[PDB]
Structures are given as structure tokens and as C-alpha cells.
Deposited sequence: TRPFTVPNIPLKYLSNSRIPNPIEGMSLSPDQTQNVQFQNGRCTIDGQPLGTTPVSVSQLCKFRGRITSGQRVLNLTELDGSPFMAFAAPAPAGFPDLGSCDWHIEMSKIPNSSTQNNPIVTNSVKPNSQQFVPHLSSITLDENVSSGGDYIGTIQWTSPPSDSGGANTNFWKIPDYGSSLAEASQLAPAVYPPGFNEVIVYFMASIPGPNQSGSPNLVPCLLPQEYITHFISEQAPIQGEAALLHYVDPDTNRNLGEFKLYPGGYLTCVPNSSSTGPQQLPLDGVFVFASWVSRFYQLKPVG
């Protein structure tokens, strides 16, 4: 019976699980009653990935598809060029889940066949548009692509969403996949007992209305998810009790519950306080399996 483990690595060295960028911080949701329905960075702690969650940071917040010369319709594939059908997920593995914003994308043809010239095409996507239908293997870009072929790309930068009545960037949202998308990873809610969900923050370039850090929250560092996928440790409680340990002094900085559904909660010591003030060079370590009744020591 394989014991449950999380990777023995300091947080500051681990990747966000919605964008392939280093974790800079832990944060609460602006409203702490708020639910999230992220499709990337979703994994049960016995190693079942949910929604669009890929295995590797190398497949995270990427898209692949065929576009016809001088046209705007990207016909989406899996990132290996395999056909995608949404029988089990809302979009291909890795597909971005960055809601309430415009995507300014970069991409290039695969494989390379060129002997000179810049292979990079920049373009943009309004995921609130009606022909944003990744659930049907299709999205339409804003500008025509001169050279047809097999394109792999990523979100280069984000901006507040178009045709939204001047709404700000809001990375706590996900896109509409459907037009109806049925295979979504379920929303996650704060599960009672004074507990709030903890989010791992990373920056992506892009302007926003406040001229502030452009931060994407996720539920779990990607390397945790890859661990769980390889390990497949059986769940033997209603939640996994975790310590955020300073690896130099061996001292516990905070008690946390990691629920079987793959989200982490804590009790903040106040609103002036919480995992926001914790250093980034701590290590999460499994203590024991507890019930959901289990009451945590306030953090901070």
C-alpha cells in the first residue's frame, strides 16, 4: 500500500499548473466564499487528472491545429497532432483555461521546413466570441494567417476581454468552451470549518485596468500533479493533513488540508493575515490522513 507523498522540493522552484511560469506567491481568492472551475491544474491525489490537465509543464497552456492559407479558423488537434474529440474533456489536453481576457498568441508550423525568415506568427483570440468552440475542435483567430499548415503555439500576453462592456482581466474565471460543453471538471468550493482554498500565483505578460501584476492562480503546482499521476497513492482519508515545513530548521510554518479532489485549504489567522505572508522556500510534507471535521491551526 504505497504511502501518500508530495514532492520534497521548495515551492519557489515549482511551476503554476494553468501557465508554464514559476510560482511567485500563495494567495486567497478576492472573495473567500468564491468557487473556481479551472480545467488545468486539476488532479485527484490518487493521480487521476481532470478537465484539460496535462502531465507535463511542456504541454501546459498550448494549442495545436491546422489553419488554411489566408484564413482565420484553427482546427484543433491534441498537441501530438492526434484527433481531439470532447467525449471526456472540454478541449484538448493542455488547452488554455484563462477566462475573462483576450489571448494574444504566438505560434509556428511543426515540423520546421524553412531555411530562413522568422517562423513565428502572432495573432489573437476573443474566447467570449461565439466561434470560440474548442469543445468542437475549432477556434477562430482575429487576423488571417498568410501561410497555411500545422501550427503549435501558446498565449504570449493577455488583455482585458473585448465585447465585454469594459470588464477587467479576471483569471479566477474560465472560458465558455461549448456553444454546450458537458465534460468540465466540477467547480471547487471552500469546504466549511473556517477553511479557505489556497492558490499558487504566477505572472503572464499583459496590461490590465489597474496597471497591476498580471497573476494567474492555480490549485496545485504542476510537479505535484505529475507525482500523483506516476505514484497513484490510494486515498486512505477524507483529507490529507500537510505541513508547510522550513527545510533548514525542520519547523512547521502552517497546517493545511489537501482534499482528495486536489485543492489545498488553510485557516487564516485573520484577514490581515494568511498564507500570503509565508515564505516561498518552504516544503509541503504529508503528516497523516484526517477526517473533514479536523480543525487546523490558523496560519500566521
>> Numbered from 1 along the deposited sequence, what ranges are absent from the coordinates?
In response: 180 to 182
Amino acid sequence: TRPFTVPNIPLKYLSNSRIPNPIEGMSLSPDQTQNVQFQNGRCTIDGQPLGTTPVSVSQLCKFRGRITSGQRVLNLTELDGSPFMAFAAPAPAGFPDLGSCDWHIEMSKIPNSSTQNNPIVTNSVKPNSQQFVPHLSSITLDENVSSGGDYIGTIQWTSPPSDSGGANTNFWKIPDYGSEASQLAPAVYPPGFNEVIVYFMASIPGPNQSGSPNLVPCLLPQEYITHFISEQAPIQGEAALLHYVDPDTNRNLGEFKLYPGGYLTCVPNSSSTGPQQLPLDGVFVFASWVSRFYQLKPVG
From here on, numbers count along this sequence of modelled residues.
> Per the PDB record, is the mean Cα temperature factor higher over 167 to 175 or over 187 to 195?
Replying inline: 187 to 195
> Between 247 to 255 and 60 to 68, which has the larger average Cα B-factor in the PDB entry?
Replying inline: 247 to 255
> Reading the B-factor column of the entry, which of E106, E223, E180, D97 has the highest value at its C-alpha atom?
Replying inline: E180
> With respect to the C-alpha temperature factors reported in the PDB entry, which of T77, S124, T158, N144 ranks highest?
Replying inline: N144
>> Based on the deposited C-alpha B factors for this chain, I'd like to know if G262 is in the lowest, middle or highest third.
In response: lowest
>> Using only modelled residues of the chain, where does the Cα B factor of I235 rank: lowest third, middle third or highest third?
In response: highest
> Which third of the chain does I204 land in by C-alpha B-factor: lowest, middle or highest?
Replying inline: middle
> Against its chain's modelled residues, does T154's Cα B factor rank lowest, middle or highest third?
Replying inline: lowest
>> Among the modelled residues of this chain, does the Cα B factor of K12 put it in the lowest, middle or highest third?
In response: middle
